[PDB]
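Student: Before I ask anything, here is the structure I am working with.
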Amino acid sequence: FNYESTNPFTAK
Amino acid sequence: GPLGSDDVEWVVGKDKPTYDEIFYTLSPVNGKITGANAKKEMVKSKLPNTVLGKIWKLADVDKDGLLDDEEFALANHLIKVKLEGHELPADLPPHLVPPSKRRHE
């Protein structure tokens, strides 16, 4: 479980 | 009236020109802003990083990684209520979500 984070505030 | 059944009012539509004005002050290319522009906005809004990411997660209902004036207005509305000493539900109710992303077939 990771997923494609498209949030530029977290990036990860 | 015309419908009666469906008489919905998008809360952002009443104070949209303001978030719209702020949208233009971030230099909107092809009618949107990138993560960088909305980032610096949320940067100086003085909100926690977690909330900022959560607001973005609500704002881009279109899921194009870019914020149109609709989506940015949604984000700014969430930030405004934050500033006014409220919390955002972290969810998209039918009066928060722009009808611009509702494709029915």
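We label chains A, B, ... in the order they appear in the structure tokens, count residues from 1 in each chain, and number ligands from 1 in the order shown.
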Dump as a Markdown table the rows for residues of chain A within 7 Å of chain B: closest atom pair and distance in Å with one decimal, only C-alpha atoms counted, ordered by chain and rising residue number.
Tutor:
| residue | atom | partner | partner_atom | distance |
| --- | --- | --- | --- | --- |
| A:6 | CA | B:65 | CA | 6.6 |
| A:7 | CA | B:53 | CA | 6.2 |
| A:8 | CA | B:35 | CA | 6.0 |
| A:9 | CA | B:53 | CA | 5.1 |
| A:10 | CA | B:53 | CA | 6.3 |
Student: Would you return as a PyMOL selection string the members of range 2-105 of chain B that DSSP assigns to helix (DSSP H, G or I) on this structure's backbone?
Tutor: chain B and resi 11-14+16-24+35-44+49-59+69-83+99-101
Student: What is the distance, in Å and to one decimal place, between CA of residue 13 in chain B and CA of residue 104 in chain B?
Tutor: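 Distance reported for this atom pair: 21.8 Å.
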Student: Please list as a VMD selection string every residue within 9 Å of residue 23 in chain B, counting only C-alpha atoms and excluding residues in the same chain fewer than 2 positions away.
Tutor: chain B and resid 18 to 21 25 to 28 32 to 33 37 to 38 68 to 69 72 to 73
Student: Next, write the just-selected residues to a file, as a compact mmCIF listing (two decimals), in the first residue's frame, keeping N, CA and C atoms as the atom set.
Tutor:
# COMPACT_ATOMS: atom_id res chain seq x y z
N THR B 18 -13.59 36.33 -5.22
CA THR B 18 -12.48 36.65 -4.33
C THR B 18 -11.36 35.61 -4.45
N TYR B 19 -11.72 34.33 -4.43
CA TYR B 19 -10.73 33.27 -4.57
C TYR B 19 -10.25 33.23 -6.02
N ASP B 20 -11.10 33.77 -6.88
CA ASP B 20 -10.81 33.88 -8.30
C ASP B 20 -9.74 34.94 -8.52
N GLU B 21 -9.89 36.05 -7.81
CA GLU B 21 -8.94 37.15 -7.86
C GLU B 21 -7.58 36.68 -7.36
N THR B 25 -3.68 36.10 -9.19
CA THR B 25 -2.48 36.73 -8.64
C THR B 25 -1.33 35.72 -8.52
N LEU B 26 -1.60 34.47 -8.86
CA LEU B 26 -0.58 33.43 -8.78
C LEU B 26 -0.05 33.06 -10.16
N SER B 27 -0.48 33.83 -11.17
CA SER B 27 -0.08 33.61 -12.56
C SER B 27 -0.62 32.28 -13.08
N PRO B 28 -1.88 32.27 -13.55
CA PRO B 28 -2.51 31.08 -14.08
C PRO B 28 -2.19 30.84 -15.55
N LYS B 32 -5.04 27.59 -15.43
CA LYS B 32 -4.86 26.89 -14.17
C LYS B 32 -3.57 27.31 -13.50
N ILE B 33 -3.37 26.81 -12.31
CA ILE B 33 -2.11 26.99 -11.61
C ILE B 33 -1.54 25.64 -11.25
N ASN B 37 2.31 27.21 -7.39
CA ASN B 37 1.63 28.47 -7.15
C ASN B 37 0.66 28.34 -5.98
N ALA B 38 -0.12 27.27 -6.00
CA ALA B 38 -1.05 27.01 -4.91
C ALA B 38 -0.28 26.61 -3.65
N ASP B 68 -7.82 24.45 -11.66
CA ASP B 68 -8.61 25.46 -12.36
C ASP B 68 -9.16 26.45 -11.34
N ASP B 69 -9.71 27.55 -11.83
CA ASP B 69 -10.29 28.57 -10.96
C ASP B 69 -11.39 27.97 -10.07
N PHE B 72 -9.40 25.89 -7.34
CA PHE B 72 -8.65 26.78 -6.47
C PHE B 72 -9.60 27.54 -5.56
N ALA B 73 -10.76 27.90 -6.09
CA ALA B 73 -11.79 28.57 -5.30
C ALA B 73 -12.27 27.65 -4.18
Student: Skipping near chain neighbours, those fewer than 2 positions away, what residues fall within 10 Å of residue 2 in chain A using only C-alpha atoms, listed as a PyMOL selection string?
Tutor: chain A and resi 4-5+12
Student: Any chance you could export the current selection's C-alpha atoms as a PDB file, in the first residue's frame?
Tutor:
ATOM      1  CA  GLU A   4       0.547   7.285  -6.659  1.00  0.00           C
ATOM      2  CA  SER A   5       0.559  10.398  -4.511  1.00  0.00           C
ATOM      3  CA  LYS A  12       6.493  11.162  -0.044  1.00  0.00           C
TER       4      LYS A  12
END
Student: Step one, run DSSP on the backbone; step two, keep only residues of chain B assigned to strand (DSSP E or B); then write them as a ChimeraX atom specification.
Tutor: /B:29,32-33,67-68
Student: Dump C-alpha atoms for the selected residues as a PDB file, in the first residue's frame?
Tutor:
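Writing done, so here's result.pdb:
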ATOM      1  CA  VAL B  29      -1.133  29.373 -17.181  1.00  0.00           C
ATOM      2  CA  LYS B  32      -4.857  26.888 -14.169  1.00  0.00           C
ATOM      3  CA  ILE B  33      -2.112  26.994 -11.614  1.00  0.00           C
ATOM      4  CA  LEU B  67      -6.061  23.696 -10.208  1.00  0.00           C
ATOM      5  CA  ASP B  68      -8.612  25.458 -12.356  1.00  0.00           C
TER       6      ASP B  68
END
